[PDB]
Every structure is written in structure tokens, then in C-alpha cells.
>>> print(open('run.cif').read())   # mmCIF, C-alpha atoms and all ligand atoms
data_start
loop_
_atom_site.group_PDB
_atom_site.id
_atom_site.type_symbol
_atom_site.label_atom_id
_atom_site.label_comp_id
_atom_site.auth_asym_id
_atom_site.auth_seq_id
_atom_site.Cartn_x
_atom_site.Cartn_y
_atom_site.Cartn_z
ATOM 1 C CA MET A 1 171.465 132.425 79.187
ATOM 2 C CA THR A 2 174.593 131.921 77.055
ATOM 3 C CA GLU A 3 177.746 132.883 78.900
ATOM 4 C CA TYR A 4 181.077 133.761 77.280
ATOM 5 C CA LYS A 5 184.275 133.609 79.383
ATOM 6 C CA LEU A 6 186.623 136.325 78.095
ATOM 7 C CA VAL A 7 190.177 136.952 79.275
ATOM 8 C CA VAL A 8 192.045 140.230 78.770
ATOM 9 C CA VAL A 9 195.846 139.778 78.574
ATOM 10 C CA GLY A 10 198.786 142.005 77.739
ATOM 11 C CA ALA A 11 201.733 143.803 79.267
ATOM 12 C CA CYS A 12 201.324 145.938 82.349
ATOM 13 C CA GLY A 13 200.199 149.495 81.577
ATOM 14 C CA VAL A 14 198.514 148.915 78.198
ATOM 15 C CA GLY A 15 194.968 149.615 79.378
ATOM 16 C CA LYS A 16 193.487 146.182 80.189
ATOM 17 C CA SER A 17 191.739 147.524 83.283
ATOM 18 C CA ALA A 18 190.663 150.767 81.622
ATOM 19 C CA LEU A 19 189.180 148.874 78.669
ATOM 20 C CA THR A 20 187.313 146.457 80.920
ATOM 21 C CA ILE A 21 185.895 149.143 83.207
ATOM 22 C CA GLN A 22 184.778 151.211 80.200
ATOM 23 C CA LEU A 23 182.855 148.231 78.825
ATOM 24 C CA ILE A 24 181.276 147.367 82.192
ATOM 25 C CA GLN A 25 180.794 150.733 83.902
ATOM 26 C CA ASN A 26 180.931 153.232 81.020
ATOM 27 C CA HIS A 27 183.562 155.500 82.571
ATOM 28 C CA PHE A 28 187.281 156.015 82.055
ATOM 29 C CA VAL A 29 189.434 155.259 85.107
ATOM 30 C CA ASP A 30 192.548 157.428 85.268
ATOM 31 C CA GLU A 31 194.185 155.297 87.985
ATOM 32 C CA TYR A 32 193.615 151.634 88.854
ATOM 33 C CA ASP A 33 196.178 149.618 90.775
ATOM 34 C CA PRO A 34 198.303 147.680 88.228
ATOM 35 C CA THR A 35 198.452 144.660 90.572
ATOM 36 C CA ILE A 36 194.680 144.045 90.941
ATOM 37 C CA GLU A 37 193.255 141.070 89.027
ATOM 38 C CA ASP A 38 189.474 140.712 89.117
ATOM 39 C CA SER A 39 186.555 139.427 87.075
ATOM 40 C CA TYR A 40 183.500 141.371 85.916
ATOM 41 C CA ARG A 41 180.177 140.181 84.528
ATOM 42 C CA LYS A 42 177.706 142.113 82.366
ATOM 43 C CA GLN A 43 174.525 141.209 80.507
ATOM 44 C CA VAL A 44 174.610 142.461 76.905
ATOM 45 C CA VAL A 45 172.805 141.921 73.606
ATOM 46 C CA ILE A 46 175.113 140.917 70.756
ATOM 47 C CA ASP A 47 173.535 140.315 67.335
ATOM 48 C CA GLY A 48 170.167 139.710 68.984
ATOM 49 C CA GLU A 49 171.527 137.206 71.505
ATOM 50 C CA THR A 50 171.089 138.119 75.153
ATOM 51 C CA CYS A 51 174.246 136.810 76.786
ATOM 52 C CA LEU A 52 176.419 137.222 79.866
ATOM 53 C CA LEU A 53 180.046 138.271 79.506
ATOM 54 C CA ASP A 54 182.323 137.019 82.286
ATOM 55 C CA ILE A 55 185.561 138.991 81.838
ATOM 56 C CA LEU A 56 188.844 138.367 83.652
ATOM 57 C CA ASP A 57 191.050 141.483 83.810
ATOM 58 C CA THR A 58 194.472 139.867 84.298
ATOM 59 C CA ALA A 59 197.444 141.371 86.118
ATOM 60 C CA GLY A 60 200.354 139.129 85.096
ATOM 61 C CA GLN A 61 202.109 136.780 87.472
ATOM 62 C CA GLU A 62 200.002 134.610 89.763
ATOM 63 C CA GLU A 63 200.764 133.315 93.239
ATOM 64 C CA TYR A 64 201.117 129.850 91.665
ATOM 65 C CA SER A 65 201.474 129.115 87.960
ATOM 66 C CA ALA A 66 198.581 126.638 88.247
ATOM 67 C CA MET A 67 196.314 129.688 88.582
ATOM 68 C CA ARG A 68 197.462 131.048 85.262
ATOM 69 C CA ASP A 69 196.995 127.677 83.584
ATOM 70 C CA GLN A 70 193.523 127.404 85.112
ATOM 71 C CA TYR A 71 192.226 130.677 83.696
ATOM 72 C CA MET A 72 193.798 130.014 80.320
ATOM 73 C CA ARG A 73 192.194 126.586 80.088
ATOM 74 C CA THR A 74 188.770 127.799 81.178
ATOM 75 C CA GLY A 75 188.766 130.999 79.106
ATOM 76 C CA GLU A 76 186.989 130.771 75.760
ATOM 77 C CA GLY A 77 188.402 133.850 74.026
ATOM 78 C CA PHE A 78 191.317 136.186 74.638
ATOM 79 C CA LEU A 79 191.701 139.903 74.041
ATOM 80 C CA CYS A 80 195.423 140.475 73.447
ATOM 81 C CA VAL A 81 196.099 144.147 74.215
ATOM 82 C CA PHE A 82 199.124 146.290 73.416
ATOM 83 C CA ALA A 83 199.502 150.084 73.573
ATOM 84 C CA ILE A 84 200.289 151.957 70.366
ATOM 85 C CA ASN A 85 202.934 154.038 72.165
ATOM 86 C CA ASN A 86 204.766 151.060 73.731
ATOM 87 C CA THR A 87 206.720 148.922 71.278
ATOM 88 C CA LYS A 88 207.734 146.397 73.941
ATOM 89 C CA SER A 89 204.035 145.752 74.691
ATOM 90 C CA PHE A 90 203.552 144.965 70.985
ATOM 91 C CA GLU A 91 206.545 142.619 70.942
ATOM 92 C CA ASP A 92 205.164 140.826 74.015
ATOM 93 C CA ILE A 93 202.100 139.787 71.983
ATOM 94 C CA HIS A 94 204.197 136.940 70.561
ATOM 95 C CA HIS A 95 204.647 135.602 74.084
ATOM 96 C CA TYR A 96 200.949 135.726 75.013
ATOM 97 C CA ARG A 97 199.878 134.118 71.716
ATOM 98 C CA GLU A 98 202.335 131.267 72.234
ATOM 99 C CA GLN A 99 201.571 130.760 75.925
ATOM 100 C CA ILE A 100 197.794 130.592 75.470
ATOM 101 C CA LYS A 101 198.116 128.055 72.645
ATOM 102 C CA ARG A 102 200.489 125.963 74.748
ATOM 103 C CA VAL A 103 198.263 125.796 77.829
ATOM 104 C CA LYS A 104 195.161 125.047 75.774
ATOM 105 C CA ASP A 105 197.192 122.651 73.599
ATOM 106 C CA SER A 106 195.220 123.986 70.637
ATOM 107 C CA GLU A 107 196.149 125.674 67.375
ATOM 108 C CA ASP A 108 192.703 127.315 67.130
ATOM 109 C CA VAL A 109 191.995 129.656 70.051
ATOM 110 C CA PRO A 110 189.587 132.612 69.572
ATOM 111 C CA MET A 111 191.627 135.797 69.911
ATOM 112 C CA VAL A 112 191.439 139.466 68.918
ATOM 113 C CA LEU A 113 194.409 141.830 68.730
ATOM 114 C CA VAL A 114 193.773 145.247 70.295
ATOM 115 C CA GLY A 115 195.938 148.334 69.887
ATOM 116 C CA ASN A 116 194.871 150.623 72.723
ATOM 117 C CA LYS A 117 195.511 154.324 73.528
ATOM 118 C CA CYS A 118 194.661 155.409 69.953
ATOM 119 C CA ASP A 119 193.655 158.847 71.258
ATOM 120 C CA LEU A 120 197.257 159.688 72.118
ATOM 121 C CA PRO A 121 199.356 161.605 69.592
ATOM 122 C CA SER A 122 202.467 159.600 70.447
ATOM 123 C CA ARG A 123 202.559 156.399 68.433
ATOM 124 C CA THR A 124 205.464 153.978 68.024
ATOM 125 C CA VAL A 125 203.493 151.133 66.385
ATOM 126 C CA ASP A 126 201.870 152.144 63.121
ATOM 127 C CA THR A 127 198.631 150.445 62.077
ATOM 128 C CA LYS A 128 200.302 148.572 59.198
ATOM 129 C CA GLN A 129 202.681 146.715 61.506
ATOM 130 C CA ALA A 130 199.795 145.545 63.682
ATOM 131 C CA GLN A 131 197.683 144.500 60.684
ATOM 132 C CA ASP A 132 200.659 142.460 59.445
ATOM 133 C CA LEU A 133 200.875 140.627 62.753
ATOM 134 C CA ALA A 134 197.139 139.997 62.944
ATOM 135 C CA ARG A 135 197.128 138.688 59.378
ATOM 136 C CA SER A 136 199.911 136.222 60.307
ATOM 137 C CA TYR A 137 197.728 134.908 63.161
ATOM 138 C CA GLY A 138 194.474 134.901 61.170
ATOM 139 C CA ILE A 139 192.662 137.102 63.710
ATOM 140 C CA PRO A 140 190.998 140.521 63.732
ATOM 141 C CA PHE A 141 192.812 143.677 64.756
ATOM 142 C CA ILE A 142 190.972 146.638 66.312
ATOM 143 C CA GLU A 143 192.385 149.979 67.484
ATOM 144 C CA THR A 144 190.746 151.290 70.667
ATOM 145 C CA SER A 145 190.726 154.134 73.145
ATOM 146 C CA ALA A 146 189.463 153.349 76.627
ATOM 147 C CA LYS A 147 189.408 157.125 77.126
ATOM 148 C CA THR A 148 187.080 158.080 74.258
ATOM 149 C CA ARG A 149 185.421 154.618 74.045
ATOM 150 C CA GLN A 150 186.379 154.334 70.357
ATOM 151 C CA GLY A 151 186.366 150.675 69.341
ATOM 152 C CA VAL A 152 185.665 149.324 72.849
ATOM 153 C CA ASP A 153 182.352 147.604 72.132
ATOM 154 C CA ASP A 154 183.696 146.386 68.782
ATOM 155 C CA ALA A 155 186.746 144.770 70.399
ATOM 156 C CA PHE A 156 184.679 142.782 72.888
ATOM 157 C CA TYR A 157 181.810 141.951 70.506
ATOM 158 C CA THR A 158 184.203 140.818 67.764
ATOM 159 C CA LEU A 159 185.779 138.436 70.260
ATOM 160 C CA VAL A 160 182.355 136.965 71.075
ATOM 161 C CA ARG A 161 181.769 136.515 67.355
ATOM 162 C CA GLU A 162 185.109 134.710 67.053
ATOM 163 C CA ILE A 163 184.038 132.375 69.858
ATOM 164 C CA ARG A 164 180.752 131.650 68.079
ATOM 165 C CA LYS A 165 182.609 130.751 64.871
ATOM 166 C CA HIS A 166 184.905 128.412 66.791
ATOM 167 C CA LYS A 167 181.957 126.676 68.454
ATOM 168 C CA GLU A 168 179.942 125.903 65.327
ATOM 169 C CA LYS A 169 182.628 123.612 63.851
HETATM 170 N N1 LIG B 1 195.138 158.296 77.059
HETATM 171 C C1 LIG B 1 194.779 157.013 77.296
HETATM 172 N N2 LIG B 1 195.215 156.500 78.462
HETATM 173 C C2 LIG B 1 194.888 155.221 78.780
HETATM 174 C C3 LIG B 1 194.084 154.412 77.873
HETATM 175 N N3 LIG B 1 193.930 153.204 78.462
HETATM 176 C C4 LIG B 1 194.591 153.219 79.642
HETATM 177 N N4 LIG B 1 195.126 154.437 79.819
HETATM 178 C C5 LIG B 1 195.913 154.869 80.973
HETATM 179 O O1 LIG B 1 197.093 154.044 80.990
HETATM 180 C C6 LIG B 1 197.435 153.732 82.354
HETATM 181 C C7 LIG B 1 197.425 152.223 82.554
HETATM 182 O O2 LIG B 1 196.126 151.727 82.249
HETATM 183 P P1 LIG B 1 195.603 150.399 82.990
HETATM 184 O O3 LIG B 1 194.168 150.235 82.607
HETATM 185 O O4 LIG B 1 195.862 150.516 84.482
HETATM 186 O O5 LIG B 1 196.599 149.313 82.342
HETATM 187 P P2 LIG B 1 196.750 147.760 82.702
HETATM 188 O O6 LIG B 1 198.014 147.588 83.513
HETATM 189 O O7 LIG B 1 196.909 147.033 81.393
HETATM 190 O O8 LIG B 1 195.507 147.331 83.470
HETATM 191 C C8 LIG B 1 196.431 154.484 83.226
HETATM 192 O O9 LIG B 1 197.069 155.698 83.633
HETATM 193 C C9 LIG B 1 195.228 154.788 82.344
HETATM 194 O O10 LIG B 1 194.596 156.036 82.628
HETATM 195 C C10 LIG B 1 193.649 155.051 76.623
HETATM 196 O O11 LIG B 1 192.970 154.412 75.789
HETATM 197 N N5 LIG B 1 194.033 156.322 76.402
HETATM 198 MG MG MG B 2 195.192 146.496 85.304
#
>>> encode(input="run.cif", output="C-alpha cells")
Amino acid sequence: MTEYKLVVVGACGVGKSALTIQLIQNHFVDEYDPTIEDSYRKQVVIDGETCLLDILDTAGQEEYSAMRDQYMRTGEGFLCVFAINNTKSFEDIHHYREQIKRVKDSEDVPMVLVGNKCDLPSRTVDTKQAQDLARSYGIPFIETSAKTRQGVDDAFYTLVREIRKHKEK
């Protein structure tokens, strides 16, 4: 069956693990060690296609930089997560965008921009500013809450659709 290798990246504390575990296990985790990096796999149906998602929940630095380069080269699509109450996490998106393109040595890399924690009242990044950044990259932007599940399926399924568009060229 078709497999899609997805990689979730973003600053520590933005909800990468919470988003991934909501997609896979359908519950919100209040506490998950920020240093744990692991992969999950789930069979889903997306637009009538039965497919396997293989998702890497990243945790930042690796023992050796060759490990980072390896998962970036093998990953097919990237979910670039910031938190709407953490401006620094939004500014760090520039770094992840650049680093992924550099390792892949490609200008066209399937990517979706995710603004997580949309259930919280505190917001430092308004939607407009994130839409402006996504428009500059030519990629979709989705606001999510790993707590309420709002937008979670859409974020991951939209990324799969971006991969499919990249592949048909
Ligand atoms: N309220 C709220 N809290 C969240 C959300 N996503 C993650 N969190 C919390 O934010 C903290 C960090 O999330 P985590 O998934 O560990 O972030 P990671 O470092 O990117 O993996 C945890 O305390 C989670 O409970 C969300 O959508 N809403
Ligand atoms: Mg984590």
C-alpha cells in the first residue's frame, strides 16, 4: 500500500508530539518528554486511497548531524509547526524552511505551515501574519489545536495532498 513519510518539525514546546499523538491515538497528552524523538505509523483513508502514514515526531538536535540530514533527505513532506502564543517559534520557521531545502537541495519540498494551540486565549501571532508567511512560501497554512482536535486531520491530510501534487510532475 502507498506509504507517505511525514516529518513534524518546529521549536521545542509547540505541540509536535501532542499533534502526532492526537492523530495516531486520538487523545491529548498533557505531558510528553520534550527530548523523545520517535516515529509512528497509522493506516488511513485519504480521498479514497488506503495508505500508511509513517510520521517522525522530531525533537531537535541529534547525536550526530548526519542523523538530521538522513531524516530530512528521506522525508517526503514536512509539517512546520509553531505555537500561536510563541513569537520566537514563528520566527524559527524561517530556519526550518531554509534547512530542509538545503539538505534536500531542492526548491520544491512539500510543506504545510501549522499554527498550533489555537484553543488558547493568549495569542501573539495573528492569523494574518501567518497567512502572509505561507503565501510567500506558496504553501498552505492551517491553525490547529491538539487539545480539541480542531484542524488536526486537515493538517496531516493536506500535507499528503501536497506530496501527491509534487509526485505527479
Ligand atoms: N492548550 C494546548 N496545549 C497544547 C497544545 N499542543 C501542545 N500543548 C501543550 O504544550 C506543551 C508542549 O507540547 P509538546 O507536544 O510536548 O511540544 P513539542 O516539544 O513540540 O513536542 C505540553 O504541555 C502540551 O500539553 C494545544 O493545541 N493546546
Ligand atoms: Mg515532543
>>> closest_atom_pairs(input="run.cif", of="range 117-147 of chain A", to="range 28-41 of chain A", cutoff="10 Å", atoms="all atoms listed in the file", output="JSON lines")
{"residue": "A:145", "atom": "CA", "partner": "A:28", "partner_atom": "CA", "distance": 9.7}
{"residue": "A:146", "atom": "CA", "partner": "A:28", "partner_atom": "CA", "distance": 6.4}
{"residue": "A:147", "atom": "CA", "partner": "A:28", "partner_atom": "CA", "distance": 5.5}
>>> resolve_selection(input="run.cif", expression="the PyMOL selection byres (((chain A and resi 137-141) around 10) and not hetatm)", output="PyMOL selection string")
chain A and resi 80+97+108-115+127+130-136+142-144+155+158-159+162
>>> write_last_selection(input="run.cif", atoms="C-alpha atoms", output="mmCIF file, in the frame of the given file")
data_model
loop_
_atom_site.group_PDB
_atom_site.id
_atom_site.type_symbol
_atom_site.label_atom_id
_atom_site.label_comp_id
_atom_site.auth_asym_id
_atom_site.auth_seq_id
_atom_site.Cartn_x
_atom_site.Cartn_y
_atom_site.Cartn_z
ATOM 1 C CA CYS A 80 195.423 140.475 73.447
ATOM 2 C CA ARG A 97 199.878 134.118 71.716
ATOM 3 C CA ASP A 108 192.703 127.315 67.130
ATOM 4 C CA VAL A 109 191.995 129.656 70.051
ATOM 5 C CA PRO A 110 189.587 132.612 69.572
ATOM 6 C CA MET A 111 191.627 135.797 69.911
ATOM 7 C CA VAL A 112 191.439 139.466 68.918
ATOM 8 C CA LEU A 113 194.409 141.830 68.730
ATOM 9 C CA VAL A 114 193.773 145.247 70.295
ATOM 10 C CA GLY A 115 195.938 148.334 69.887
ATOM 11 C CA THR A 127 198.631 150.445 62.077
ATOM 12 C CA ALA A 130 199.795 145.545 63.682
ATOM 13 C CA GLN A 131 197.683 144.500 60.684
ATOM 14 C CA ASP A 132 200.659 142.460 59.445
ATOM 15 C CA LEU A 133 200.875 140.627 62.753
ATOM 16 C CA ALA A 134 197.139 139.997 62.944
ATOM 17 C CA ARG A 135 197.128 138.688 59.378
ATOM 18 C CA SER A 136 199.911 136.222 60.307
ATOM 19 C CA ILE A 142 190.972 146.638 66.312
ATOM 20 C CA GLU A 143 192.385 149.979 67.484
ATOM 21 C CA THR A 144 190.746 151.290 70.667
ATOM 22 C CA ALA A 155 186.746 144.770 70.399
ATOM 23 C CA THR A 158 184.203 140.818 67.764
ATOM 24 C CA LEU A 159 185.779 138.436 70.260
ATOM 25 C CA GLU A 162 185.109 134.710 67.053
#
>>> resolve_selection(input="run.cif", expression="the PyMOL selection byres (((not hetatm)) within 6 of (chain B and resi 2))", output="PDB file with C-alpha atoms, keeping the file's coordinate frame")
ATOM      1  CA  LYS A  16     193.487 146.182  80.189  1.00  0.00           C
ATOM      2  CA  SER A  17     191.739 147.524  83.283  1.00  0.00           C
ATOM      3  CA  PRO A  34     198.303 147.680  88.228  1.00  0.00           C
ATOM      4  CA  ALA A  59     197.444 141.371  86.118  1.00  0.00           C
TER       5      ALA A  59
END
>>> residues_around(input="run.cif", residues="residue 19 in chain A", least_positions_apart="4", cutoff="7 Å", atoms="all atoms listed in the file", output="PyMOL selection string")
chain A and resi 15+23+146+152
>>> axis_aligned_box(input="run.cif", around="ligand LIG 1 (chain B)", padding_each_side="6 Å", output="lines of an AutoDock Vina configuration file")
center_x = 195.5
center_y = 152.7
center_z = 80.1
size_x = 17.0
size_y = 23.3
size_z = 20.7
>>> residues_around(input="run.cif", residues="residue 60 in chain A", least_positions_apart="5", cutoff="9 Å", atoms="all atoms listed in the file", output="ChimeraX atom specification")
/A:9-12,35,37,68
>>> write_last_selection(input="run.cif", atoms="C-alpha atoms", output="PDB file, in the coordinates of the input")
ATOM      1  CA  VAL A   9     195.846 139.778  78.574  1.00  0.00           C
ATOM      2  CA  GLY A  10     198.786 142.005  77.739  1.00  0.00           C
ATOM      3  CA  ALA A  11     201.733 143.803  79.267  1.00  0.00           C
ATOM      4  CA  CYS A  12     201.324 145.938  82.349  1.00  0.00           C
ATOM      5  CA  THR A  35     198.452 144.660  90.572  1.00  0.00           C
ATOM      6  CA  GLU A  37     193.255 141.070  89.027  1.00  0.00           C
ATOM      7  CA  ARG A  68     197.462 131.048  85.262  1.00  0.00           C
TER       8      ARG A  68
END
>>> resolve_selection(input="run.cif", expression="the PyMOL selection byres (((chain A and resi 160) around 12) and not hetatm)", output="PDB file with C-alpha atoms, keeping the file's coordinate frame")
ATOM      1  CA  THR A   2     174.593 131.921  77.055  1.00  0.00           C
ATOM      2  CA  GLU A   3     177.746 132.883  78.900  1.00  0.00           C
ATOM      3  CA  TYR A   4     181.077 133.761  77.280  1.00  0.00           C
ATOM      4  CA  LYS A   5     184.275 133.609  79.383  1.00  0.00           C
ATOM      5  CA  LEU A   6     186.623 136.325  78.095  1.00  0.00           C
ATOM      6  CA  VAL A   7     190.177 136.952  79.275  1.00  0.00           C
ATOM      7  CA  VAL A  44     174.610 142.461  76.905  1.00  0.00           C
ATOM      8  CA  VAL A  45     172.805 141.921  73.606  1.00  0.00           C
ATOM      9  CA  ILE A  46     175.113 140.917  70.756  1.00  0.00           C
ATOM     10  CA  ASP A  47     173.535 140.315  67.335  1.00  0.00           C
ATOM     11  CA  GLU A  49     171.527 137.206  71.505  1.00  0.00           C
ATOM     12  CA  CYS A  51     174.246 136.810  76.786  1.00  0.00           C
ATOM     13  CA  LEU A  52     176.419 137.222  79.866  1.00  0.00           C
ATOM     14  CA  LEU A  53     180.046 138.271  79.506  1.00  0.00           C
ATOM     15  CA  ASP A  54     182.323 137.019  82.286  1.00  0.00           C
ATOM     16  CA  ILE A  55     185.561 138.991  81.838  1.00  0.00           C
ATOM     17  CA  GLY A  75     188.766 130.999  79.106  1.00  0.00           C
ATOM     18  CA  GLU A  76     186.989 130.771  75.760  1.00  0.00           C
ATOM     19  CA  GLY A  77     188.402 133.850  74.026  1.00  0.00           C
ATOM     20  CA  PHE A  78     191.317 136.186  74.638  1.00  0.00           C
ATOM     21  CA  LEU A  79     191.701 139.903  74.041  1.00  0.00           C
ATOM     22  CA  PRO A 110     189.587 132.612  69.572  1.00  0.00           C
ATOM     23  CA  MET A 111     191.627 135.797  69.911  1.00  0.00           C
ATOM     24  CA  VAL A 112     191.439 139.466  68.918  1.00  0.00           C
ATOM     25  CA  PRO A 140     190.998 140.521  63.732  1.00  0.00           C
ATOM     26  CA  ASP A 153     182.352 147.604  72.132  1.00  0.00           C
ATOM     27  CA  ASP A 154     183.696 146.386  68.782  1.00  0.00           C
ATOM     28  CA  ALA A 155     186.746 144.770  70.399  1.00  0.00           C
ATOM     29  CA  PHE A 156     184.679 142.782  72.888  1.00  0.00           C
ATOM     30  CA  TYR A 157     181.810 141.951  70.506  1.00  0.00           C
ATOM     31  CA  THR A 158     184.203 140.818  67.764  1.00  0.00           C
ATOM     32  CA  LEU A 159     185.779 138.436  70.260  1.00  0.00           C
ATOM     33  CA  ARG A 161     181.769 136.515  67.355  1.00  0.00           C
ATOM     34  CA  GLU A 162     185.109 134.710  67.053  1.00  0.00           C
ATOM     35  CA  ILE A 163     184.038 132.375  69.858  1.00  0.00           C
ATOM     36  CA  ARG A 164     180.752 131.650  68.079  1.00  0.00           C
ATOM     37  CA  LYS A 165     182.609 130.751  64.871  1.00  0.00           C
ATOM     38  CA  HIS A 166     184.905 128.412  66.791  1.00  0.00           C
ATOM     39  CA  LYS A 167     181.957 126.676  68.454  1.00  0.00           C
TER      40      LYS A 167
END
>>> atom_distance(input="run.cif", atom1="CA of residue 91 in chain A", atom2="CA of residue 14 in chain A")
12.5 Å
>>> closest_residue(input="run.cif", among="A:98, A:92, A:69, A:119", to="ligand LIG 1 (chain B)", atoms="all atoms listed in the file")
A:119
>>> atom_distance(input="run.cif", atom1="CA of residue 96 in chain A", atom2="atom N3 of ligand LIG 1 (chain B)")
19.1 Å
>>> closest_residue(input="run.cif", among="A:18, A:67, A:24, A:56", to="ligand LIG 1 (chain B)", atoms="all atoms listed in the file")
A:18
>>> closest_residue(input="run.cif", among="A:58, A:104, A:26, A:93", to="ligand LIG 1 (chain B)", atoms="all atoms listed in the file")
A:58
>>> closest_residue(input="run.cif", among="A:73, A:8, A:1, A:150", to="residue 50 in chain A", atoms="all atoms listed in the file")
A:1
